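A.B. asks: Submitted below is the structure of interest, expressed as structure tokens.
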Amino acid sequence: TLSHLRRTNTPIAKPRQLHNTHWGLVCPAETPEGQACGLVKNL
Amino acid sequence: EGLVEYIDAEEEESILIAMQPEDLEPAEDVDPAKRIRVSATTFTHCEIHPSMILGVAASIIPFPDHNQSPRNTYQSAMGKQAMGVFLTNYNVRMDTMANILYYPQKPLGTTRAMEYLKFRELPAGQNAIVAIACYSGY
Amino acid sequence: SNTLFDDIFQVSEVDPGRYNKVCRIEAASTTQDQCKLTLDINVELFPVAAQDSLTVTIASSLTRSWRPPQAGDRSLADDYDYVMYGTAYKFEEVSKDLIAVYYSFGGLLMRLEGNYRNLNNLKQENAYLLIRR
Amino acid sequence: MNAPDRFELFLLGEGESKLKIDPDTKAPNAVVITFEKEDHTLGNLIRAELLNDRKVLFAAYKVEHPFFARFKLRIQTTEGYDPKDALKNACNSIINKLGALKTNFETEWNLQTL
Amino acid sequence: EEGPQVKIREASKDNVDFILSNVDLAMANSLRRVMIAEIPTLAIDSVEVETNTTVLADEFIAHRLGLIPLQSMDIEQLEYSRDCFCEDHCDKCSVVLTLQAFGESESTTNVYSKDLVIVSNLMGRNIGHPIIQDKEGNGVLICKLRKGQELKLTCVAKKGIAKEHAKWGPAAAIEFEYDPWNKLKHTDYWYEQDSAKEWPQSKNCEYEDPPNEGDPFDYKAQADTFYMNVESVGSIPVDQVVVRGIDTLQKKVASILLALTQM
Amino acid sequence: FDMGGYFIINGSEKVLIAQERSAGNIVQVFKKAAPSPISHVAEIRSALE
Amino acid sequence: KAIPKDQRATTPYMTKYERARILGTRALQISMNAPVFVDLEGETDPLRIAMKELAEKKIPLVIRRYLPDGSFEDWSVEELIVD
Amino acid sequence: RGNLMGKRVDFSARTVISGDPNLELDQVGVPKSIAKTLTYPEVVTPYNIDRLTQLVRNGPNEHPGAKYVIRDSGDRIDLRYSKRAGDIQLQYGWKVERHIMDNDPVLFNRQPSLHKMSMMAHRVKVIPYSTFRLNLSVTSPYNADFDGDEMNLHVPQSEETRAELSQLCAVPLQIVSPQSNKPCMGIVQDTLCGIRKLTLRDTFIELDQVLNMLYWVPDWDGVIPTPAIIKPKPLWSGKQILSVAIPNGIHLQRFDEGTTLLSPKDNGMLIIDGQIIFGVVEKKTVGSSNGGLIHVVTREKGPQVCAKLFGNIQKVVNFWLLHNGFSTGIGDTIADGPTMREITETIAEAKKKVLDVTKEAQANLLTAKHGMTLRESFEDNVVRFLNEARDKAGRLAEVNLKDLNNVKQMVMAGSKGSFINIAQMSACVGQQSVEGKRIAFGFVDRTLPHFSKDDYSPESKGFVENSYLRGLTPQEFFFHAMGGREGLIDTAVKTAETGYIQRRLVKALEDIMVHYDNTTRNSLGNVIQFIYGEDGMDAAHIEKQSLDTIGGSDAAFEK
Amino acid sequence: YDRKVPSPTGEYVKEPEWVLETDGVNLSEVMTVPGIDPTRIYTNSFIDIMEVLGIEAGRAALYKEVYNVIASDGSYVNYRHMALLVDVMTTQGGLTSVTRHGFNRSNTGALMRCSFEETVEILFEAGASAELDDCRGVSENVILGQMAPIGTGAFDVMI
Amino acid sequence: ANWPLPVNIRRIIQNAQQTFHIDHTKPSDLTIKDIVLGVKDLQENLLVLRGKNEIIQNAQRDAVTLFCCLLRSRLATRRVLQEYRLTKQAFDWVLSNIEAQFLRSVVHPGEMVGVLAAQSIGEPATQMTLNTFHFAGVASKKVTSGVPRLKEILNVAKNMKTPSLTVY
Amino acid sequence: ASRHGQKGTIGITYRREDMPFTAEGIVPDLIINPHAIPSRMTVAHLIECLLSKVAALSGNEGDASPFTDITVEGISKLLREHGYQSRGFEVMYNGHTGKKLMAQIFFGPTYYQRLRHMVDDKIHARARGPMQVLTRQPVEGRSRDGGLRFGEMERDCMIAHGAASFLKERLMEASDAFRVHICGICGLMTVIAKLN
Amino acid sequence: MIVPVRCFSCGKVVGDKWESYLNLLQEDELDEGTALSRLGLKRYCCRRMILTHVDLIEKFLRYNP
RNA sequence: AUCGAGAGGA
Ligand SMILES: Nc1nc2c(ncn2[C@@H]2O[C@H](COP(=O)(O)OP(=O)(O)OP(=O)(O)O)[C@@H](O)[C@H]2O)c(=O)[nH]1
Ligand SMILES: [Mg+2]
Ligand SMILES: [Mg+2]
Ligand SMILES: [Zn+2]
Ligand SMILES: [Zn+2]
Ligand SMILES: [Zn+2]
């Protein structure tokens with residue numbers, strides 16, 4: 001439940017990347033595998 | 001009391017941070033079996049503790065540092081398919097589908113971060129005895 | 001179906017090469033200069049230090065399935081302790097004449113050189129190996 | 001939903017013998033015996049007691065498929081001397097040592113305190 | 001005596017540590033494998049809920065009851081439900097119990113296995129007694145009730161064996177070992193620098209000789225001498241455990257000699 | 001143990017997922033390849049609070 | 001149109017496709033109580049018996065292999081090398 | 001695209017799949033509850049009323065049973081219902097839809113079906129437990145695990161349709177690849193990692209086990225083989241009894257780099273007539289390889305002969321392994337102390353030789369190389385410098401692994417994993433990269449806010465000096481993370497591009513079939529190739545044969 | 001660049017040669033320049049090799065280029081296949097695209113051309129240009145639900 | 001030298017010398033007629049295409065061609081009587097077998113190679129990603145140089161990513 | 001699966017007898033193949049398992065935290081002192097025979113999770129039955145006992161074998177088998193068939 | 001969820017000890033490594049049955065009906 | 001049952 005309440009979806013240059021400005025705001029390894037991978041992140 | 005600041009990613013740009021809030025300040029024989037750390041003396045603010053980059057399902061991972069990251073990720077998607085005691089109040093909630101594990105057990109290795117995630121008190125698995133062995137071939 | 005060869009050999013090197021049971025043995029021939037030997041001896045069953053002298057008979061007798069014993073007491077040693085069973089394959093060459101044999105005792109091999117040749121050695125399928133003292 | 005009933009590991013079903021005998025199609029004076037509803041508590045014990053007999057050429061068994069706990073045993077013995085008898089004779093060797101086991105245990109159980 | 005030479009060194013009400021000299025390995029193994037599984041006990045195997053307002057759902061408690069240790073010493077003269085001649089269950093095959101408790105106290109009413117009441121005629125044999133090892137006298141916490149929650153039940157218990165469920169084992173934990181010094185070389189040690197500094201020296205070294213450096217390896221020497229400890233759950237006292245083991249092992253060993261004569 | 005934060009609707013619970021967007025009112029410089037007419041474009045998403 | 005008895009330049013072997021389709025088209029034939037030709041050793045499968053009718057070429061059917069242009073080439077199973 | 005070229009189909013089944021080493025290659029472990037439901041119309045011939053009347057009586061519950069009987073008039077007869085289900089006279093010519101018995105033709109595929117291989121005809125063995133069960137060596141060409149991978153199964157309705165599966169699609173016939181001219185199915189995992197242990201010269205077995213292993217191969221002639229040793233103890237060799245599985249008339253010759261008809265290190269391979277002469281047996285031989293055993297046995301009479309082998313190898317190897325056992329520990333990534341020193345100084349010099357090439361670019365001249373210009377540049381230079389510092393440490397942590405190191409075994413066998421796998425586990429994980437270039441600068445002129453702006457050194461652009469056994473540092477951790485994501489990205493997206501590349505290729509050739517004059521045409525009659533593959537040869541039957549007329553000296557030609 | 005070469009003595013010995021690597025494409029005139037071997041000149045661009053050196057050099061460029069994608073790091077597909085792919089792209093005249101544009105026009109049966117990438121407009125013109133469909137492809141008899149002239153249906157069967 | 005070629009010879013050779021094994025030192029019984037006039041005749045009845053007019057029988061030889069140079073080199077007199085020491089019976093076999101081997105290696109008229117000429121092609125690619133990964137760095141070349149470069153080769157790419165010219 | 005992406009389904013269940021066991025008589029709950037280790041890189045799983053052992057004997061709850069000074073070589077010292085060897089292992093005896101396993105096994109407690117997906121929720125079988133109205137094709141989903149879709153890519157594979165009659169069956173007698181009346185001239189579906 | 005009767009791995013009774021375990025941890029104040037031992041729990045499989053157990057029924061009991 | 005949304009599995 002915890003990891004679902006704090007979810008973050010993004011609509012639609014390189015997007016599903018884990019980018020340097022994610023450090024400590026988004027989780028670098030939490031994200032669904034396939035389908036909408038790398039878009040929808042967790043806090 | 002001017003002890004903590006809140007910093008966002010835009011403001012992050014003009015700052016220097018230390019890990020390890022200690023590692024990483026003080027003055028200048030050591031274990032060979034322990035890991036290898038890198039090190040500027042012009043810092044702005046220390047990070048609290050590295051392990052806080054993690055989210056929820058990731059902080060359930062023991063020794064995530066000792067693991068190949070694509071697996072850490074694979075575990076995250078599975079932690080939320082785990083089976084346990086999702087609430088105490090289930091016995092009067094009329095939700096479609098809820099599973100409870102017959103006999104839950106707190107893990108044996110615990111990331112400090114589980115105490116705030118309240119894992120130890122509402123587990124989702126069992127410390128079962130594992131035998132890394134070839135046997136029948138099943 | 002009779003005894004074949006027999007000679008006296010001397011240990012020149014014992015190389016414990018990446019194994020614990022079954023070692024390689026390099027032996028030279030007694031009296032006869034024109035001969036060398038490399039052989040695979042289970043050292044966990046029959047010890048061999050450096051400069052040991054040995055005895056080496058061949059033979060090929062002592063369908064039919066393989067029985068256990070039933071002692072009775074056929075035959076065949078007391079004075080030959082280390083016994084193996086194997087197969088002949090390819091036959092060498094070097095001088096003309098001489099000339100060498102190849103033996104596989106179920107994976108543990110044997111190379112033997114020299115001219116007698118013989119021809120009281122067969123191209124053939126059998127092959128025993130007996131070693132005493 | 002598909003799982004076999006738990007008692008199908010010792011309950012012998014209808015038209016099922018605890019022993020079947022068929023001679024080996026290939027070698028002479030040998031038998032393959034179908035031990036039904038049993039594991040290798042019996043499988044191991046019979047076999048490694050068919051070895052101490054020097055009148056037996058061949059002795060071995062296999063757990064065909066851990067799904068159906070029933071093993072087969074192959075026995076080849078010296079010409080004339082029937083294999084069925086081999087099994088018979090070997091079985092008694094176990095019993096006797098076992099019969100002793102009861103006594104010798106009880107002897108030394110009796111003497112101890114707590 | 002004639003064959004197997006058993007020797008004890010420590011024995012208790014619940015533990016039986018002993019040597020086992022001059023026997024073939026196959027037996028030693030055939031022995032424990034009976035002790036684990038094939039020896040009969042009694043345990044709950046038909047529960048019938050009348051009222052349960054606990055936070056524990058019905059088949060949960062039910063499941064738990066099966067497990068609870070039940071005195072089985074006189075179990076030999078009791079018949080299997082399958083082998084009997086009655087309908088469902090009777091008094092020559094099944095021992096019924098009864099559990100009743102009701103939250104009266106405002107402060108957490110427990111239920112224990114003491115609270116189990118025999119109901120069927122015992123015939124007059126030692127069988128089906130909730131076993132207490134508990135210091136205080138209350139054997140194994142079954143369930144918890146609050147303020148006004150009821151648990152009314154009707155357990156039936158039948159004869160059974162471990163192959164049909166783990167509840168029917170008087171097993172516990174079987175310790176097993178031979179050749180603490182690797183004389184027979186049945187195993188080869190995983191090492192980093194040196195075998196003896198990196199593995200431990202076993203509990204079973206006293207009364208077994210070290211091999212001595214320069215002595216060549218013995219090829220034909222076989223497995224004699226085993227070091228066993230057999231714990232009991234309490235359903236059958238420790239001595240009878242090992243005994244019936246041998247017995248049933250022999251029992252169905254005999255069943256082949258009988259069936260082979262029927263051929 | 002329930003920490004709340006969901007909207008109870010028709011007898012089911014519902015969660016709002018953070019929706020992500022590019023931040024307005026910042027000046028951003030874009031190219032922009034140029035076969036194609038143009039080679040450089042400055043863009044600003046402008047909206048009031 | 002059609003090719004005469006001579007002038008045969010098609011592969012004189014049974015293509016696995018001709019095999020399966022001939023074994024098959026006999027299958028349904030056997031399975032629908034139509035007369036069976038060879039001595040049935042003791043089998044009863046429309047799929048095993050036909051494998052025997054192909055061992056001793058006793059299948060009265062004829063392939064008709066169509067060529068890209070339209071004209072066809074005959075060949076019976078009695079005439080074909082099975083391999 | 002979805003209702004004509006992709007039809008929803010009846011008579012089909014779907015389940016989790018599990019491994020079963022006691023099944024045969026051409027088999028399929030169909031669960032009973034599916035077997036209850038999946039039917040097959042069969043006409044009533046005087047051949048088969050015996051078995052069939054019985055079958056109706058059994059009804060739709062006892063496994064050898066049936067649903068539905070169909071009449072002369074076109075009337076349908078339900079069997080779970082109907083008040084005459086307990087008899088019915090069976091006429092000649094009646095369809096009696098029935099449950100699937102054992103040894104029946106069925107197609108058994110797995111999506112994504114990127115083959116003809118991912119669709120194979122099987123032989124049905126009805127089994128309890130609800131899992132679909134398949135032979136461990138048919139695992140490779142479906143590309144299936146048992147971590148919950150889900151497979152599907154279909155069932156013919158005409159006998160000619162049956163014939164069409166079991167003749168052309170049956171697993172045996174599909175052994176050697178009409179795509180890569182080398183057999184796709186090999187001895188994998190438990191079997192392959194023990195076929196090596198077995199075979200080691202060092203390893204022997206005696207009577208009690210030997211006598212059993214024999215009784216494990218079903219086509220055993222009852223002829224004990226004569227032990228390679230009859231000294232103070234009677235023993236066979238690991239090699240010895242394996243040969244029992246190797247069928248009579250089989251011949252294989254190898255030679256590796258270190259192979260001397262002796263083979264001190266027991267290299268390469270020599271097999272004469274179903275008996276192993278010398279050499280360790282592994283993935284080069286017993287595997288899905290080119291010049292391996294499986295190839296040889298298949299092309300030499302025949303298909304099913306070779307397929308019956310796969311099983312008998314396993315059944316024995318498993319059995320030996322079962323009693324010998326095998327595992328893997330944390331000590332199996334531990335390396336010698338004074339060698340992890342030797343890896344830290346291997347990095348330290350490779351690091352302090354980056355600092356050389358670095359203090360040039362800053363200098364800069366530079367010898368700014370001519371192309372290799374640059375910037376291409378120094379940012380390619382250090383990529384190799386670190387990818388070197390890894391593959392030396394990976395090797396320096398392979399010598400350290402003694403013969404007993406539970407990991408090296410699985411590598412030497414090739415059961416799973418290899419060099420890199422060890423490298424990372426024992427030495428250092430290496431330079432993680434993004435789109436083929438070391439961690440990109442996200443923050444302005446820096447990678448993270450733990451570094452100072454403009455840090456082109458390894459420790460900042462994503463090089464992890466540590467191993468997994470030491471546990472990465474946070475700075476590093478994120479970078480390895482950064483990359484990992486990138487592999488999963490294309491597992492959902494770059495996968496499209498590919499599977500689209502295919503869907504085209506498929507549709508663009510499609511009807512390109514070899515016609516009955518060996519000319520390769522389309523639907524109109526256009527010629528594309530005149531002889532298929534310019535030699536009229538099916539790829540399956542083709543082997544890598546050396547043309548020894550090309551190499552060598554003029555003198556080496558004459559004599 | 002290394003290269004194996006006939007050493008008049010008989011053996012293949014390794015011959016080191018200087019070769020020039022370019023980041024630009026203009027074959028039309030590079031090969032005409034004095035000092036080079038205008039028999040070994042190779043641009044990775046097969047589109048230009050086609051117009052300069054004729055369709056038959058392209059047949060061999062296209063291939064060699066698919067080879068350098070597939071069979072680099074260990075991969076192996078038997079010549080037959082890539083060459084089969086290559087041939088299809090080559091006989092219609094120019095270089096036929098593996099897209100809706102190319103092969104989804106060449107006077108094929110409309111129904112089969114229908115089951116690809118453009119769908120409706122293809123039928124729309126079929127009804128317009130009043131096309132007659134051959135009924136000889138794989139797709140055709142699938143959409144028409146028949147025994148398509150494929151593997152086991154290359155032939156009919158009579159008596 | 002090492003190339004894909006139908007029917008292993010090197011095998012039917014070792015399958016010869018252990019089936020009638022000769023083997024030593026103990027000489028052959030075929031005339032240099034039996035050897036040389038035989039090979040040329042086998043070379044005649046090997047076949048891939050069959051016919052009676054001139055164009056066919058010419059493309060016929062122009063398919064066997066390569067295979068033969070292999071046949072011609074291993075069934076060459078010196079070797080057939082020196083390294084392998086065959087006999088009239090075991091040679092006649094090697095002949096009757098290589099033929100019998102061959103015409104089993106025909107492509108069957110029916111084979112759908114268009115689809116096979118797929119997958120194949122469009123196979124590993126998918127699972128040479130969609131593996132995909134494993135696991136970390138670097139990782140490809142293959143799938144990034146790459147699988148996009150293949151998207152070029154089939155679209156008929158004019159806007160070419162990396163145009164490169166190699167002069168000799 | 002455990003806590004490191006270690007998915008695997010039960011392939012078989014052996015009772016406490018046939019199961020291997022230790023000289024103390026510890027019987028393992030769970031046997032994973034040492035083949036999904038290196039593969040697969042997941043070295044922590046090993047560490048967790050080692051730490052947990054210590055945690056269980058000493059009573060103390062182990063510290064599995066990420067970026068901390070904890071060594072395997074530091075666990076090894078603590079497990080060494082507890083009567084077992086420093087890198088996990090334990091001499092095990094095969095259960096079928098009682099003969100010592102010739103290799104040492106790695107053995108210990110590792111927190112395993114039970115994920116959903118269970119065979120008896122997935123198992124689907126269909127032959128004939130209920131079908132849609134729009135297509136007369138079999139409906140979707142095991143929820144309404146529907147058929148599987150033999151997708152385009154599935155067709156492709158069949159053509160590669162050249163299962164002719166098979167495709168006719170798998171796209172006729174197992175989906176749509178409609179019978180229309182066509183004109184010998186105006187060849188469309190308008191004919192009135194007054195029958196029978 | 002209430003201490004289990006007996007342990008999954010061994011089989012030893014473990015239920016009876018939950019009552020005593022709290023008492024050895026809190027009444028006379030000890031660490032667990034001693035506490036599990038006096039309780040006769042030597043083998044670690046049966047050791048984890050109690051150390052690792054979390055007793056949820058408590059918070060189930062706090063509920064009213 | 002149809003159209004539409006999302007989550008997960010390989
Ligand atoms: N079509 C398709 N197939 C997928 C997708 N994701 C995974 N797969 C398939 O499922 C497999 C996933 O890997 P696994 O089967 O689990 O095997 P693995 O490489 O060892 O990875 P793990 O076992 O999960 O650690 C791949 O081999 C793919 O064939 C996907 O998004 N689309
Ligand atoms: Mg998988
Ligand atoms: Mg997997
Ligand atoms: Zn009764
Ligand atoms: Zn009309
Ligand atoms: Zn326990």
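Here's how to read the names in the structure tokens: chain A, B, ... by the order shown, residue numbers from 1 in each chain, ligand numbers from 1 in the order shown.
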Fewer than 4 positions away in the same chain doesn't count, so skip those; otherwise give me all residues within 10 Å of range 3-10 of chain M, counting only C-alpha atoms (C1' of nucleotides), as a ChimeraX atom specification.

C.D. replies: /A:32-33 /B:77-78,81 /H:16,110-112,144-145,147-151 /K:117

A.B. asks: Do you know which residues are at most 10 Å from residue 33 in chain G counting only C-alpha atoms (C1' of nucleotides), after dropping those on the same chain fewer than 4 positions away, and could you put them as JSON, numbers by chain?

C.D. replies: {"G": [28, 29], "H": [43, 44, 45, 46, 47, 92, 93]}

A.B. asks: Excluding same-chain residues fewer than 2 positions from residue 68 in chain G, what lies within 12 Å of it counting only C-alpha atoms (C1' of nucleotides), as a VMD selection string?

C.D. replies: (chain G and resid 65 to 66 70 to 73) or (chain H and resid 513 to 527) or (chain I and resid 136 149 154 to 155) or (chain J and resid 109)

A.B. asks: What does the file look like for those residues with C-alpha atoms, as a PDB file, in the first residue's frame?

C.D. replies:
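Resulting contents of out_6.pdb:
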ATOM      1  CA  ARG G  65       2.610 -32.279 -58.370  1.00  0.00           C
ATOM      2  CA  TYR G  66       1.628 -28.902 -59.753  1.00  0.00           C
ATOM      3  CA  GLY G  70       0.063 -24.904 -64.667  1.00  0.00           C
ATOM      4  CA  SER G  71       0.911 -28.240 -66.289  1.00  0.00           C
ATOM      5  CA  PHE G  72       1.195 -31.156 -63.872  1.00  0.00           C
ATOM      6  CA  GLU G  73       3.358 -34.207 -63.262  1.00  0.00           C
TER       7      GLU G  73
ATOM      8  CA  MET H 513       8.551 -21.553 -51.297  1.00  0.00           C
ATOM      9  CA  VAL H 514      10.849 -23.934 -53.161  1.00  0.00           C
ATOM     10  CA  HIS H 515       8.617 -25.181 -56.054  1.00  0.00           C
ATOM     11  CA  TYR H 516       8.698 -28.665 -57.644  1.00  0.00           C
ATOM     12  CA  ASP H 517      11.533 -27.767 -60.066  1.00  0.00           C
ATOM     13  CA  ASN H 518      13.881 -26.474 -57.305  1.00  0.00           C
ATOM     14  CA  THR H 519      13.253 -22.862 -58.320  1.00  0.00           C
ATOM     15  CA  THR H 520      12.310 -20.375 -55.574  1.00  0.00           C
ATOM     16  CA  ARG H 521       9.275 -18.237 -56.479  1.00  0.00           C
ATOM     17  CA  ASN H 522       6.342 -16.107 -55.173  1.00  0.00           C
ATOM     18  CA  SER H 523       2.568 -16.025 -55.753  1.00  0.00           C
ATOM     19  CA  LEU H 524       2.795 -14.626 -59.304  1.00  0.00           C
ATOM     20  CA  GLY H 525       5.505 -16.963 -60.580  1.00  0.00           C
ATOM     21  CA  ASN H 526       8.376 -14.498 -60.306  1.00  0.00           C
ATOM     22  CA  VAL H 527      11.705 -16.332 -59.889  1.00  0.00           C
TER      23      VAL H 527
ATOM     24  CA  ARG I 136      -2.313 -18.209 -54.741  1.00  0.00           C
ATOM     25  CA  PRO I 149      -0.668 -24.134 -51.459  1.00  0.00           C
ATOM     26  CA  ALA I 154       1.725 -28.385 -52.861  1.00  0.00           C
ATOM     27  CA  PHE I 155      -0.209 -31.181 -54.564  1.00  0.00           C
TER      28      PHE I 155
ATOM     29  CA  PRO J 109       9.879 -29.175 -52.924  1.00  0.00           C
TER      30      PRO J 109
END

A.B. asks: Could you list the residues in chain H lying within 8 Å of chain D, using only C-alpha atoms, and format the result as number ranges by chain?

C.D. replies: H: 22, 31-33, 128-130, 208, 211-212, 215-216, 221-222

A.B. asks: Identify all chain K residues at most 6 Å from chain I by counting only C-alpha atoms; ligands do not count. Present them as an MDAnalysis selection string.

C.D. replies: chainID K and resid 162 164:165 168

A.B. asks: If you run DSSP over the backbone, which residues in range 32-71 of chain D end up strand (DSSP E or B)? Put them as a list in words.

C.D. replies: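 Matching residues, listed in order: residues 32, 33, 34, 35, 56, 57, 58, 59, 60, 61, 62, 63, 64, 65, 68, 69, 70 and 71 of chain D.
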
A.B. asks: Just the selected residues (C-alpha atoms), exported as a PDB file, in the first residue's frame, please.

C.D. replies:
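Wrote it out as selection-v3.pdb, contents follow:
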ATOM      1  CA  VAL D  32      12.744 -57.571 -12.477  1.00  0.00           C
ATOM      2  CA  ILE D  33      10.324 -57.391  -9.533  1.00  0.00           C
ATOM      3  CA  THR D  34       7.793 -54.529  -9.277  1.00  0.00           C
ATOM      4  CA  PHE D  35       7.552 -53.396  -5.648  1.00  0.00           C
ATOM      5  CA  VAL D  56      24.052 -63.043  -6.648  1.00  0.00           C
ATOM      6  CA  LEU D  57      25.512 -61.673  -9.894  1.00  0.00           C
ATOM      7  CA  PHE D  58      23.337 -58.526 -10.102  1.00  0.00           C
ATOM      8  CA  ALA D  59      21.362 -56.384  -7.625  1.00  0.00           C
ATOM      9  CA  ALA D  60      19.845 -52.897  -8.143  1.00  0.00           C
ATOM     10  CA  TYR D  61      16.693 -50.683  -7.978  1.00  0.00           C
ATOM     11  CA  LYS D  62      15.204 -47.396  -9.230  1.00  0.00           C
ATOM     12  CA  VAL D  63      12.571 -44.918  -8.033  1.00  0.00           C
ATOM     13  CA  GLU D  64      10.833 -44.738 -11.402  1.00  0.00           C
ATOM     14  CA  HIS D  65       9.240 -41.366 -10.719  1.00  0.00           C
ATOM     15  CA  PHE D  68       4.338 -42.648  -7.949  1.00  0.00           C
ATOM     16  CA  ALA D  69       6.303 -44.090  -4.981  1.00  0.00           C
ATOM     17  CA  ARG D  70       6.867 -47.593  -6.353  1.00  0.00           C
ATOM     18  CA  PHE D  71      10.244 -49.092  -7.205  1.00  0.00           C
TER      19      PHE D  71
END

A.B. asks: What's around residue 86 in chain K at 8 Å? Count only C-alpha atoms (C1' of nucleotides), leave out sequence neighbours fewer than 3 positions away in its own chain, and write the answer as a list in words.

C.D. replies: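 Counting only the stated atoms, we get residues 198 and 199 of chain E; 75, 76, 77, 78, 79, 80 and 89 of chain K.
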
A.B. asks: Could those selected residues go to a file with N, CA, C and O atoms, as a compact mmCIF listing (two decimals), in the first residue's frame?

C.D. replies:
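And here's out_14.txt as it stands now:
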# COMPACT_ATOMS: atom_id res chain seq x y z
N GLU E 198 39.80 -24.51 9.19
CA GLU E 198 38.64 -23.85 8.57
C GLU E 198 37.33 -24.63 8.72
O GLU E 198 36.26 -24.05 8.55
N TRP E 199 37.43 -25.92 9.00
CA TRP E 199 36.27 -26.69 9.45
C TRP E 199 36.38 -26.93 10.96
O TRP E 199 37.45 -26.72 11.54
N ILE K 75 31.31 -11.56 9.15
CA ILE K 75 30.30 -12.53 9.51
C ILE K 75 31.04 -13.84 9.77
O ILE K 75 30.83 -14.49 10.80
N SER K 76 31.94 -14.18 8.86
CA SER K 76 32.73 -15.41 8.92
C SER K 76 33.41 -15.64 10.27
O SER K 76 33.49 -16.78 10.73
N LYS K 77 33.91 -14.56 10.88
CA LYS K 77 34.53 -14.65 12.21
C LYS K 77 33.49 -14.99 13.28
O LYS K 77 33.78 -15.75 14.22
N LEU K 78 32.29 -14.45 13.11
CA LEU K 78 31.21 -14.65 14.07
C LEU K 78 30.52 -16.00 13.91
O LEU K 78 30.12 -16.60 14.91
N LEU K 79 30.41 -16.49 12.68
CA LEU K 79 29.85 -17.83 12.45
C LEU K 79 30.87 -18.91 12.82
O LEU K 79 30.51 -19.96 13.34
N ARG K 80 32.14 -18.63 12.55
CA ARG K 80 33.21 -19.53 12.95
C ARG K 80 33.08 -19.86 14.42
O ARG K 80 33.09 -21.03 14.78
N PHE K 89 28.75 -23.49 5.25
CA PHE K 89 28.49 -24.80 4.68
C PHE K 89 27.97 -25.77 5.74
O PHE K 89 27.84 -25.42 6.91

A.B. asks: Show me, as JSON, numbers by chain, the residues that have an atom within 12 Å of residue 57 in chain I when counting only C-alpha atoms (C1' of nucleotides), minus same-chain residues fewer than 4 positions from it.

C.D. replies: {"I": [39, 41, 42, 43, 45, 46, 47, 48, 49, 50, 51, 52, 53, 61, 62, 63, 64, 86, 90, 95]}

A.B. asks: Taking 3 positions as the minimum chain separation for residues in the same chain, which residues sit within 8 Å of residue 94 in chain K when counting only C-alpha atoms (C1' of nucleotides)? Answer as a list in words.

C.D. replies: residues 322 and 323 of chain H; 18, 19, 20, 21, 97, 98, 99, 100 and 101 of chain K

A.B. asks: Can you pull out the residues contacting range 25-39 of chain C? Cut-off 6 Å, using only C-alpha atoms (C1' of nucleotides), and skip same-chain residues under 6 positions away; I want them as a ChimeraX atom specification.

C.D. replies: /C:8-14,110-114
